[PDB]
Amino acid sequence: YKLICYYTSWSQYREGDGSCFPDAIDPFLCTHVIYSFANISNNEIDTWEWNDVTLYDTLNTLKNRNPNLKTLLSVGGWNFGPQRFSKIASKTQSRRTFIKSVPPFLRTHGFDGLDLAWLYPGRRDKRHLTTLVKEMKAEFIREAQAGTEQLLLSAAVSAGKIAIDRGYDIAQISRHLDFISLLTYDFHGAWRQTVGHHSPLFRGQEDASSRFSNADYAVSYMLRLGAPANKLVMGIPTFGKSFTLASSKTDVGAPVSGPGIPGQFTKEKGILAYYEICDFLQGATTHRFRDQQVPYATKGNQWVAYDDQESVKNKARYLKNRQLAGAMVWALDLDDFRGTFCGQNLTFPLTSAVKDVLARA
């Protein structure tokens, strides 16, 4: 089974123990580590952070300890306007320029592959996305003639039904991609003026509006659209989503006034790292959607939807039962990587729980 793990370059800037460098990553934890977010300048892949070349080097030296480990560099991301991808992919000449520049860059810095994070193809982009994947893959096949192991090609894809139908030709891109990571953790957010879980496993016979907003539906849908199980990877979040309650109501459907206040370390409204959640739990009330199989917690006027060891193990057993290729974990730097915030004396408690289930039959 694959265990695909993202590392984000901006995590280095967090203060105190929040600061995370590639050097903190256990080489034997994941099968694949993806460094997050390369830029595109002059229609060519390029670094983003001033010290990326150094961090690339730190990450890729984990392979001196685990020669089986593969690394990928992901292009795009949220702070990368999709309009920009759109421009690049729409023109055969801009597209070819971007594609030709990829292999030499990956080779220079020691990556084994490229991950596409076009955070969302519009209706007018579907066709060009297909072209980008096709031609990128053809170029990697050509480059392998030089005698070096063929570069891997992956993509991070929306798990939202409407977004899927709108921007992706799943049957087509699936045959050119080595794996497809499903972003099965964005089924809610401030977005809706009410409380809800962003990463439910099942629909839960309670709510019946966006029956499509759960991991199970997305997986089933992808399989039906033609993505082979053996290339599908289910995304598992290592962060939580917070909300500021508009009332004393805590149960499902409770009114929300906006996102929660930022954590001490991640400093971003609406999100908390798992290590920040562990600190938050002391004094909070914990609940669990038995239907959806995921927990939430509340303290004062703050409501948090998150995943714990149990929910992550549960998701991991599900993916095995469906014979998927593995799991993807969004953000090693958001898990308790120091292993000093969450009781138990364990580094990467969430990611490790996933690996253990996967290690089993």
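Numbers for residues come from their place in the sequence shown, where the first is 1.
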- Taking the deposited Cα B-factors and averaging over 348 to 356 and over 11 to 19, the higher mean is found in 11 to 19
- With reference to the PDB entry, specify whether the mean Cα temperature factor is higher for 85 to 93 or for 134 to 142. 85 to 93
- Item | Out of 210, 158, 101, 220, highest CA B-factor residue | 210
- Item | Deposited CA B-factor, highest of 178, 276, 186, 112 | 186
- Item | Where the record places residue 35 (Cα B-factor, split into thirds across the chain) | lowest
- Message: Using only modelled residues of the chain, where does the Cα B factor of residue 314 rank: lowest third, middle third or highest third?
- Response: lowest
- Sorting the chain's modelled residues by C-alpha B-factor and splitting them into thirds places residue 260 in the highest
- By its CA B factor, does residue 231 count among the lowest, middle or highest third of the modelled residues in the chain? lowest
- Lowest, middle or highest third - CA B-factor, residue 171: middle
